[PDB]
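# Survey of secondary and tertiary structure
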Number of protein chains: 2
Amino acid sequence: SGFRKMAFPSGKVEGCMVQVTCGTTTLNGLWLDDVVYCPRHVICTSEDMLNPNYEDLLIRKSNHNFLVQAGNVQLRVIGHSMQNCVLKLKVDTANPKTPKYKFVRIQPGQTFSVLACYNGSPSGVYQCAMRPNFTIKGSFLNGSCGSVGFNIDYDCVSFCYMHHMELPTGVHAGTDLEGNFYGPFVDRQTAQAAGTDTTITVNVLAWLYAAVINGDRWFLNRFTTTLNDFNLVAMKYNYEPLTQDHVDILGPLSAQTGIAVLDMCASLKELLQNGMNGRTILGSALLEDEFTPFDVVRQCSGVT
Amino acid sequence: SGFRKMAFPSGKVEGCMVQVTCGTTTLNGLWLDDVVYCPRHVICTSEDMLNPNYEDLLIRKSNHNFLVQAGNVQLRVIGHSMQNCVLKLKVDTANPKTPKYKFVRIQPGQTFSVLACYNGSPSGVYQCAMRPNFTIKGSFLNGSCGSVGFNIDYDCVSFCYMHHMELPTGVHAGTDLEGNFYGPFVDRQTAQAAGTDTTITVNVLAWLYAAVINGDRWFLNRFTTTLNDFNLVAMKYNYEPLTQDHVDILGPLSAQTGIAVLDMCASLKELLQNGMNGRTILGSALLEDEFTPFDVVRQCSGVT
Ligand SMILES: O=C(Cc1cncnc1)Nc1cccc(O[C@@H]2CC(=O)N2)c1
Ligand SMILES: O=C(Cc1cncnc1)Nc1cccc(O[C@@H]2CC(=O)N2)c1
């Protein structure tokens, strides 16, 4: 029993974190095989950030200008290339702690763990979700860039995110491990504002199933609804529209609890229209949307 | 910017997790040097749990009855002893991944990270706090016993907790690494109920300082109060009484934000007497008490 915002064990990813210094800028890099991945804004001075032309700035850089340090030993850079918004610094040594890995581009609504790092050293790990507006609500300070988001499938690390930016609103923007930003963000110090932060409805439902599994059932009502009726209410509350794909995805939780998805939607609908009335669900006074249906099944079964 | 419930990187502790099997019971063990630590209820059958006499049950056990497995290799048990509610299984091999470590007994209010494990394999990491009633609100299933709580000071792991029990109310009980339970709990399947779960006031204040540092200032009012006046209100709301020691501990956060501790207490007092009014502080609709003043300073500065 008990439901926590659980992050994946970070050891496999700690063994991949290095420090990348280019001139005065020091940020984090991911060392997998003989390549070090890091944000391309490592080559910028805070001034360059206003209107950077990365191909022009990159000409002035040689292999010896990138200082890669793993722990306390210096890595030799034998090649460098730009792939979208990440730099790939080919080193002469393959990372002996390189785990089995993949580079995946996740969809909004999906959750992942972030190992926050500074000077190539991990300082904390937390669970995140790619918001529907392609921002993340991380916890990052200056020097955190190059910190990565990942999922673990048994022994394989699926790297999905690398931190690049903090918007003026305190939310974060970053890329996949191919350098492509999630959303419309660019690595430039210009006016970038995030869109509406809608609630991930399927994740709220999965978390409501987790609450029923854990004993908190006060919110279960005597009502049902339809996908169209629920969506009318969901749109009014800036919730993501719910599809038959999401209903199907909730199938295992619906089967385990004996509560049909549309019944749980009707419970959600009353919670939206009436609030919690000072009550809490899983120690939370708001509707939590950072657990996917897969996360609830993993945490409620013990997927190692 | 951004404030997350951050857990310490778990790698150093993952390298210490092993599986301990005694008859039909399989749980987790901590392998540090040539010793494996685990809950003593590993020797019990679910029946024995009702009224166990561990010294009597232990006589029937030999070194060869404890099966210790690290990853996929079997460890040889050359000695076994009971220390309070933990078994120490001396193995013939020192753990090559033993980090620099200490066994500390934390006080209620203090926070720590938990690496939840099953069959000696870590499956998740999350941040906890030792509740003032000596329970923890973890996320543990059957087979999680022997999962440990720790803090990391640069490269040294201070192990503070080992999971042993789940009370009928869904809260968790466990010991320090010397086998002594936090609180009045015993490793017996009998009626054990937790006391009042009071809120850790100093942690709420530290989290209010974190909110001001992160931009959420709506709750800052034009009032002040006294330690006695605040405590009158705190006791009414099942908050822990606030001492000059806690005020002193909040000193660095008070200095960084320019908000005196008693002013922040008056802000807390209005939040208690009036609720959030549908507002949120750091994305939370309730007053969070699982960040110590030290955690806020660590997260807001980047202590690796
Ligand atoms: O924010 C950081 C660094 C950092 C990261 N995380 C927390 N704190 C700091 N990097 C950065 C890089 C490039 C552009 C930029 O400005 C964009 C323009 C806009 O609206 N924000 C920012
Ligand atoms: O609860 C577990 C195992 C487990 C751990 N965590 C989640 N789920 C299961 N162990 C256990 C061991 C000894 C006594 C016991 O019962 C005490 C009596 C009472 O009120 N509870 C329980």
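Everything below is about the structure shown above.
Attention here is on the structure that accompanies the text.

Procedures and definitions
- Residues numbered from 1 in each chain as written, not as in the entry; some residues may be left out.
- Chains lettered and ligands numbered in written order.
- Heavy atoms only, no water.
- Axes fitted to C-alpha atoms, helices over the stretch in contact; angles between N-to-C directions.
- Helix = DSSP H or I, 4+ residues; strand = E, 2+ residues; numbered from the N terminus.
- Parallel < 35°, antiparallel > 145°, perpendicular 65-115°, else oblique.
- Contact = heavy atoms within 4.5 Å.
- Nonpolar A, V, L, I, M, F, W, Y, C, P; charged D, E, K, R; others polar.
- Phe/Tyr/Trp six-rings, centres within 6.5 Å; stacked < 30°, edge-to-face > 60°.
- Buried < 20%, exposed > 50% of the residue type's maximum accessible area, 1.4 Å probe, protein only.
- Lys NZ or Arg CZ within 6 Å of the ring centre and 35° of its normal.
- Near = heavy atom within 4 Å.
- Polar contact = N/O pair within 3.5 Å; in protein donor to acceptor, adjacent residues only side chain to side chain.
- Areas by Shrake-Rupley, 256 points an atom, 1.4 Å probe, with all protein chains shown as cover.
- Core = buried A, V, L, I, M, F, W, Y, C linked by side-chain atoms within 4.5 Å.

## Description of the packing of helix α3 (residues 201–214) of chain A against helix α8 (residues 293–301) of chain A
Residue and element names in this part refer to chain A. At a minimum axis distance of 8 Å, the contact between α3 and α8 shows a crossing angle of 25°. The angle between α3 and α8 falls in the class roughly parallel. Every residue of α8 that contacts α3 at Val202, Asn203, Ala206, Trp207, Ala210 and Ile213 is listed here: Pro293, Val296 and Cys300. Residue classes in the contact of α3 with α8 are distributed as 8 nonpolar, 1 polar and no charged.

## Quick word on the packing of aromatic side chains
In this description, a pair of aromatic rings is defined by centroid distance and the angle of the planes. Counting across every chain of the model gives 18 aromatic pairs over all chains. Pairing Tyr126(A) with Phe140(A) gives two aromatic rings, centres 6.1 Å apart and planes at 70°, and the pair type is edge-to-face. Separated by 14 residues along the polypeptide, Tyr126(A) in strand β10 (residues 121–129) and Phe140(A) in the loop between β10 and β11 (148–153) bring together distant segments of the chain. Each of the two residues, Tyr126(A) as well as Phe140(A), counts as buried. On the numbers, 4.8 Å between centres and 50° between planes, the contact of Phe3(B) with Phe291(B) is tilted. Note that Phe3(B) is positioned in the segment before α1 (11–14) and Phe291(B) in the loop between α7 (261–274) and α8 (293–301), a separation of 288 residues in sequence. Take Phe291(B): its relative accessible area is 7%, and that puts it in the buried class. A connected cluster of aromatic rings, assembled from ring pairs, spans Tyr37(A), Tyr101(A), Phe103(A) and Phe159(A). Over the ring of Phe291(B) we find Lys5(B); its NZ or CZ atom is 5.5 Å from the centre of that ring.

## Some remarks on the site of ligand 2
Residues and elements named next belong to chain B. Around ligand 2, a shell composed of 16 residues is seen, among which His163, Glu166, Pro168, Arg188 and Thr190 lie nearest. Within the contact set of ligand 2, a nitrogen atom lies 2.8 Å away from a side-chain nitrogen or oxygen of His163. Residue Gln192 places a main-chain N or O atom 3.4 Å away from an oxygen atom belonging to ligand 2. Protein coverage of the free-state accessible area of ligand 2, which is 510 Å², stands at 87%. Tallied by class, the residues present in the shell around ligand 2 amount to 7 nonpolar, 7 polar and 2 charged.

## A short note on the nonpolar core
Considering soluble globular proteins, one finds that nonpolar side chains tend to be buried as a cluster. Core analysis: the biggest nonpolar cluster contains 40 residues, and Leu30(A), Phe159(A), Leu30(B) and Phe159(B) have the highest contact counts within it. In this view, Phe159(B) contacts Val13(B), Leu30(B), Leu32(B), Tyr101(B), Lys102(B), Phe103(B), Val104(B), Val148(B), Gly149(B), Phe150(B) and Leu177(B); residues no more than four positions away in its chain are not counted. Core analysis: the next-biggest nonpolar cluster, separate from the first, contains 36 residues, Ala211(B), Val233(B), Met264(B) and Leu268(B) among them.

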